[PDB]
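Following: one structure in structure tokens, then a few remarks.
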Amino acid sequence: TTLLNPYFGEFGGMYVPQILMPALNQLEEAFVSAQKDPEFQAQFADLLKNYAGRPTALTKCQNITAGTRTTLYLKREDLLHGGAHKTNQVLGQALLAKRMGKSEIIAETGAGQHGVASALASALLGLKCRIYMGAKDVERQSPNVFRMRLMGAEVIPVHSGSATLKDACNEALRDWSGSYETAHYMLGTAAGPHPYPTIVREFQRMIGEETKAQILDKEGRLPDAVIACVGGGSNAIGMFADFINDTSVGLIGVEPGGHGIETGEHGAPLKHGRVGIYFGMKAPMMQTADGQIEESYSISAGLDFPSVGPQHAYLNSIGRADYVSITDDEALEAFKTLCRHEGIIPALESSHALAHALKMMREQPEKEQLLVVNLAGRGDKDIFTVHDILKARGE
Amino acid sequence: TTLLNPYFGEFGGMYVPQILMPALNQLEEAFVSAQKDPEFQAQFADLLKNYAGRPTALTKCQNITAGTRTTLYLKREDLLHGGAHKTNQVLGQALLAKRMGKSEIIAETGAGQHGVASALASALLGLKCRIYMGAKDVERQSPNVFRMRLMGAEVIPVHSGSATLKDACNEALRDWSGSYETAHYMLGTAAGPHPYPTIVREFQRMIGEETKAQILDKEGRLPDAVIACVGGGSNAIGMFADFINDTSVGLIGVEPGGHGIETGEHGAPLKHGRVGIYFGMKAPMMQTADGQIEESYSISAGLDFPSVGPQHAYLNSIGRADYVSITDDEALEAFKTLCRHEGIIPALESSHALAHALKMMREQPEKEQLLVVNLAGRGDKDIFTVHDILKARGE
Amino acid sequence: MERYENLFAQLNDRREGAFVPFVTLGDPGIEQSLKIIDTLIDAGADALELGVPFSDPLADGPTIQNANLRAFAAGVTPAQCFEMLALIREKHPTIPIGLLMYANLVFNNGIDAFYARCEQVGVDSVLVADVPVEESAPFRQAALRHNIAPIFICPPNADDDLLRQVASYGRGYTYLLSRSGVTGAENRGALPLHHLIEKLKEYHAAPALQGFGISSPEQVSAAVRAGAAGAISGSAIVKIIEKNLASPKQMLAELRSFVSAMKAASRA
Amino acid sequence: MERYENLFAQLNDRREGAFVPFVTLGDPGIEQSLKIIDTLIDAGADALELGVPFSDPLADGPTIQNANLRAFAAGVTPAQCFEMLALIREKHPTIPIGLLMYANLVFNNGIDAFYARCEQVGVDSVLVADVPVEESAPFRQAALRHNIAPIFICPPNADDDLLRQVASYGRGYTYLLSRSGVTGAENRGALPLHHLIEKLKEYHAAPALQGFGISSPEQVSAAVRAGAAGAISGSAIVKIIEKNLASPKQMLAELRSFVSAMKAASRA
Ligand SMILES: O=P(O)(O)OCCNS(=O)(=O)c1ccc(OC(F)(F)F)cc1
Ligand SMILES: O=P(O)(O)OCCNS(=O)(=O)c1ccc(OC(F)(F)F)cc1
Ligand SMILES: *Cc1c(COP(=O)(O)O)cnc(C)c1O
Ligand SMILES: *Cc1c(COP(=O)(O)O)cnc(C)c1O
Ligand SMILES: [Cl-]
Ligand SMILES: [Cl-]
Ligand SMILES: [Cl-]
Ligand SMILES: [Cl-]
Ligand SMILES: [Cl-]
Ligand SMILES: [Cl-]
Ligand SMILES: [Cl-]
Ligand SMILES: [Cl-]
Ligand SMILES: [Cl-]
Ligand SMILES: [Cl-]
Ligand SMILES: [Cl-]
Ligand SMILES: [Cl-]
Ligand SMILES: [Cl-]
Ligand SMILES: [Cl-]
Ligand SMILES: [Cl-]
Ligand SMILES: [Cl-]
Ligand SMILES: [Cl-]
Ligand SMILES: [Cl-]
Ligand SMILES: [Cl-]
Ligand SMILES: [Cl-]
Ligand SMILES: [Cl-]
Ligand SMILES: [Cl-]
Ligand SMILES: [Cs+]
Ligand SMILES: [Cs+]
Ligand SMILES: [Cs+]
Ligand SMILES: [Cs+]
């Protein structure tokens, strides 16, 4: 029994051990209650504005579209405190924890950004934060690990399974299975068991709401398309949500093509994986023929989640949203382009979204189109990766 | 002959070779003209809002003041595009260059942030940017050097003198001495020959204007004091300018005490240096007994400019502003405090300002005071420095 | 299913609880695992719980995580596990064999085909650790169609509605969880379960086996005394494997001792 | 000052321009620098321009930056430079000695005391490279009080007002800049200066010496032909020092040759 539908069509559900069902039910109840509570909404708005810096700019990028009939805006979540959109929803979830009487936060992280977002929200609001991270990630992400420790969070390496994000996700749930009366699991994407896909959407939807108001103000009409990079799906569903009922607005999600779809070395399960059940949901995933969970590979470390949020799989199935892929090399070119021609260093994740927009433009330069790219993060964290690629390349 | 007074009391002037006087006169003319031009002002406002993200949040920090009668706000310039307040004035100066018909920018940088700000402004606005940097700085600041190169700027190591910031400053002027018909010198602080101290102030004054409006909205009255870290003086004069005529508002500038004033290893010439003439101005400076320019030392690499802006020396002399110092260790404690208790990683520069506010609070915890600290930059760039100190410390 | 009915009837006559060890199939290799299982049986196991190695065992503590990892290091696959299960049943006519599965391994090639394979090899029950009763429909239907008992978890805090659901939908045995958390001998259950055990009987549930954190003879006797039909022990068995990897001889000897002692504790 | 008047009067009689080398005092050491300067004089220098090593020589190109650096590497200080200047004047009665200073070295211990020291040691002029006419008041006043000629720069684009200021305030000689930019032999001036030279004479300015980028005899002759009283050469002289650091013998020989040739070029 739930208040809300746990499924988007065939996708989603609540595939957790029985012991965790009361935790999910409690969290759903609390969310539904909070969404009707003007006091909770005011607290949330106050944090978003005065702490995180909302609203974020919508920047018109002229240099990169010169000589074409594309008009391109970037929604600047890279300017949010923490440097990625993840901050919006961690503040909301931290408030939900408080609403339920919990003083402790559990989070998982792969590349580190969700851990950092979870840590900063926890430090602000006086919650005791513990963060599970695959040992291979800990070793690879020293900077983010130190940021989390500076903010007072406990970072716990996970050595089981493949010692990476999916293994961190498991550990977080194992802990929650015993600790949920006092601890809230601050899941980091729009995926997992209900109610998380719903919650993370609603706590990210201001991205699209603001985009809508900003583009109406600047252009007097809705965008032809909004474009976002799709890991588990939070920044994308944040951008899409407010436009779903505007059927003239294209919703384009870009999964990482990695070394190329045909190589199998990619992170695009929505279009090129196979539906399975994992981490509490029925969704497309990266998996072996015999059902073991596989790697999600991208030049961008943040696209390591081996599945995708169920609402994305649903919106795809009904044809409301379209999903495409962008390869490592395409993302790199987009990264270099934005730095040189707009002076914005984008996350490599967000570079995938930009690259697709740039392809839309270049393929059909005389097509009149008004595009928004969700620039979900800044790219400072990526400059070493890019440096190493360019050097090894003789570039 | 100038339009504006080149001096603040005894401090300032135009101490440049004769060949550069027409360049200064031209730039002054252009500035005065621009400040009266509603079109220039609209272009500037558009860039600040839609590109850089203004206005910046004013964040109330509750955890760190709990149990005292201090109320503390942080003006969040760390949230500006580029991650420091320097972005505000580079956009203004880049527009001034365009106004004068110049397509090229010269900039100096020490720790790299001004170079990065200059590069990003130049990339946005289609200007050819060259950036002089002391060879010792280039070697020490690989990340910033790469950011500048990604944004299409030419980074030119300077090998003369002490191969650090003051030497970069010299080189920029040497270039300008031959190139000024086509190139604008985008000086990086509120110092140098007139008109730069005036210009940089006016192109930073929105920090204080916004702070004023925000604190009136939130508190119904002006702050008791505004507090900023003082290198050459830009972020501080940006915060102070709009409050100068509000004589009840304390203006507190914090210079780096380094290893301690008594050790001579510091960056606090305003209070502990000696007045001299260098880089185009008469101002307090770090200098040897016999008049050679010396190092400005701080744990924070960004506090390397060996002098201070003339308006600061003036406001000190008349007693309108008060200047203090904070040591390396005090700044470190402030950095750790903000990370752990507010989830904001501050620039080590800005940590000096925070540390002084925290001292005001702790020294007299029952004193009712409403303080704003100008958090001029974010501290991601500093996490390795801090890590190394904490490790070497057995901490 | 019916192997459980016959076992429970017989134990009722013998005045005994059931002792049921868990191990991961193929840990630490196929051949050693087959010998391990034969040893469990010979030493007195009343039934088996057998895990198919899975990449994401999110209801298991470190002991069983590590068992999953050792089987993977030996290249063990679900296909090989099913060959093992066929051979186990080929050797032992009556002992109930239950699998501990995770959902993706059941759904991967079709839920119906999964349970059909189970029926083919002679499995008696399947417990899918990450499927709550709310999601159980296609699993329990497939199971019953193929004469497989679907095993449902009854948490220590189960409310009346959940007790009625588990009672109605389950067959074979009802899994009575000792406590919250994940599998592990390092955490003993501390909640009294006799009220649940009584309500399950009132609602004609399948007989209850207590599981999670059972590692000692006193806990087996306690489960029987509280009214349960028996007890499952996993981590404590697997720890003996982990301990004895370097000595198959000592391994089997210690497994035999442990199971013998635990089964003896099931005498009423 | 008066040493310049007497020199210019005498050169007028000899029908010659003045050739005036620049070097940094104490480059590459005090002792070698003194021998260098004596060689310049013996080889025909009409006057000297001498730089005090400064940490921030922002009107100098790399050649002279490097000269500043070499003197610093030998520990040369302004105090030592003033000892050198006393000794130079003690040896040579009539040759005009001009210093090339930067403002902070003049202001450091008081502007008045600076010019008083200059007077004491027998310096004739001071050019402060980063003081424009707009800032010159305390410098030129101090200079005149101590019988020192304040040297003013006339840029190639000087307007009428600037020509009148430089003409009125200056003494000794007027510095006629060849071009924009900084000192350096690698950049020759390409602007015709005869109009400036005529206007300076009309306004009774001190005689003009052309400087910046003069590195060859033809440029000395050109300056004289255009109406200037002579020419200053710095970088080209300093390059000979830089080239010959390893051989004081070859260094002096090449300095002698170069100055001899440059002075010969000053014959009308
Ligand atoms: O003795 P322990 O503590 O290792 O516990 C034995 C575990 N082995 S098992 O197959 O019964 C088993 C039963 C249920 C499990 O999870 C679930 F409850 F969520 F379904 C996991 C394992
Ligand atoms: O021959 P070059 O090209 O080296 O030039 C000679 C330079 N030596 S100097 O002392 O006359 C001299 C004169 C003026 C200078 O700067 C100023 F114009 F700004 F004042 C610098 C040096
Ligand atoms: C975390 C992250 C992603 C991927 O996660 P989503 O849940 O799909 O948003 C993409 N871009 C950025 C900048 C991220 O930080
Ligand atoms: C550049 C910088 C400073 C020092 O320069 P000012 O001109 O004094 O502002 C201080 N803080 C930050 C964050 C800076 O980026
Ligand atoms: Cl829906
Ligand atoms: Cl369904
Ligand atoms: Cl509401
Ligand atoms: Cl806490
Ligand atoms: Cl720490
Ligand atoms: Cl419009
Ligand atoms: Cl699919
Ligand atoms: Cl069209
Ligand atoms: Cl003033
Ligand atoms: Cl004055
Ligand atoms: Cl105006
Ligand atoms: Cl360009
Ligand atoms: Cl590059
Ligand atoms: Cl108020
Ligand atoms: Cl002083
Ligand atoms: Cl008070
Ligand atoms: Cl199968
Ligand atoms: Cl049902
Ligand atoms: Cl039943
Ligand atoms: Cl002196
Ligand atoms: Cl005057
Ligand atoms: Cl005169
Ligand atoms: Cs366009
Ligand atoms: Cs994905
Ligand atoms: Cs307070
Ligand atoms: Cs300073």
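Is the protein assembly as shown rounded, prolate or oblate when judged by the Cα gyration tensor, a ≥ b ≥ c being the square roots of its eigenvalues, rounded requiring a/c under 1.5 and prolate requiring a/b larger than b/c? Prolate shape, in that a/c is at least 1.5 and a/b is the bigger ratio. The simple spin-label model puts a point 7 Å past each Cα toward its Cβ; for residue C:168 and residue D:145 those points are separated by 10.9 nm. Cβ crowding within 10 Å, taken as a proxy for footprinting-reagent exposure, orders B:140, D:140 from fewest neighbours to most as B:140, D:140.
Give the relative contact order (percent, whole number) for chain B; include only Cα pairs under 8 Å separated by 6+ residues.
On the way: 847 pairs, mean separation 79.0, N = 395.
So the answer I get is 20 percent.
Centroid-to-centroid, using Cα positions, region D:85-130 and region C:105-172 are 101 Å apart. DSSP bridge analysis restricted to the protein assembly as shown gives an antiparallel fraction near 25%, rounded to the nearest 5.
Does region C:41-116 classify as rounded, prolate or oblate by the C-alpha gyration tensor (a ≥ b ≥ c root eigenvalues; a/c under 1.5 gives rounded; else a/b over b/c gives prolate, otherwise oblate)? Judged from the Cα gyration tensor, region C:41-116 comes out oblate (a/c at least 1.5, b/c at or above a/b). For the residues B:354, B:79, B:303, a GNM of chain B with alpha-carbon springs under 10 Å puts the largest fluctuation on B:79. Considering only beta bridges that DSSP places wholly inside chain A, some 35 percent are antiparallel.
Nothing charged except the Cβ atoms of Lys and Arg (+1) and of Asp and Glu (-1): what's the magnitude of the dipole of the protein assembly as shown about its Cα centre? Round to the nearest 20 debye.
Details: 120 positive and 150 negative charges, 27 e Å.
Result for the protein assembly as shown is approximately 120 debye, rounded to the nearest 20.
Label-point spacing at residue B:63 relative to the other copies reads 3.8 nm, in ascending order, each point sitting 7 Å out from Cα along Cα→Cβ. Alpha carbon centre of region A:60-81 versus region B:100-124: separation in Å? That distance is 21 Å. If you find the alpha carbon centre of region A:337-380 and of region D:238-259, how far apart are they in angstrom? Each part's Cα centre sits 60 Å from the other's.
Need one number: % antiparallel among DSSP beta bridges in chain D, to the nearest 5.
On the way: 1 of 27 bridges.
DSSP beta bridges in chain D are roughly 5 percent antiparallel.
Distances between equivalent label points of residue C:35 across the copies, with each point positioned 7 Å along Cα→Cβ, amount to 9.3 nm, shortest listed first. Annotation for residue D:10 and residue A:3: the two label points, set 7 Å from Cα along the Cα-Cβ direction, are 10.4 nm apart. Working from Cα pairs under 8 Å separated by at least six residues, relative contact order for chain C is 23 percent. Under a 10 Å cutoff between Cα atoms, tell me which one of B:87, B:65, B:211 has the largest fluctuation in the Gaussian network model of chain B. Result for chain B, Cα springs under 10 Å: B:65 fluctuates most. When only Cα pairs below 8 angstrom with a gap of at least 6 residues are kept, region B:1-115 shows a relative contact order of 19 percent.
With helices as the sole contributors, chain A gives -12500 deg cm²/dmol at 222 nm; each DSSP H run of n ≥ 4 counts as -39500 (n - 2.57), and the sum is divided by every residue.
Of the GluC sites (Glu not before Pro) in region B:305-376, the ones in a loop by DSSP (not H, G, I, E or B) with at most 10 other beta carbons within 10 Å are B:366, B:368.
In a shell of Cβ-Cβ distance under 11 Å around residue A:244, excluding residue A:244 itself, what net charge do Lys and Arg (+1) and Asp and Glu (-1) give? The partial results should precede the final answer.
On the way: positive: A:201, A:205, A:320; negative: A:242, A:246.
The answer is +1.
Here the simple spin-label model places points 7 Å from the Cα toward Cβ, and for residue C:35 and residue C:201 these points are separated by 4.3 nm. This model, with +1 at the C-beta of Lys and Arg and -1 at the C-beta of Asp and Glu, gives chain C a dipole about its Cα centre of some 600 debye. Only residues of region B:338-376 count here: report those whose backbone N is under 13 Å from the spot 7 Å along Cα→Cβ of residue B:262, or say none. Hits in region B:338-376 for residue B:262 at 13 Å: none.
Pairs of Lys residues in chain D that lie 8 or more places apart, or on two chains, and have C-alpha atoms under 30 angstrom apart add up to 15.
Remark: region C:108-223 carries a charge dipole of roughly 200 debye about the Cα centre, counting +1 on each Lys and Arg Cβ and -1 on each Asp and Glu Cβ.
Looking at region B:351-395, which trypsin sites (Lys or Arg not before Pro) are DSSP coil and have at most 14 other C-beta atoms within 10 Å of their C-beta? Intermediate results must be reported in sequence, preceding the final value.
Details: sites: B:359, B:362, B:367, B:378, B:381, B:391, B:393; in loops: B:367, B:393.
When the trypsin sites (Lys or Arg not before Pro) of region B:351-395 are filtered for loop state and at most 14 Cβ neighbours within 10 Å, B:367, B:393 remain.
Classify chain A from the C-alpha gyration tensor, please: rounded if a/c falls under 1.5, else prolate or oblate depending on whether a/b exceeds b/c. Since a/c stays below 1.5, the shape of chain A is classed as rounded.
Counting from the shortest, the label point at residue D:160, 7 Å from Cα toward Cβ, is 11.0 nm from the same position in each remaining copy.
FYI the Cβ positions are ideal-geometry reconstructions off the backbone, even for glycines, and counts take in every protein chain you see. Throughout, read-outs are computed from the coordinates displayed, never taken from laboratory work.
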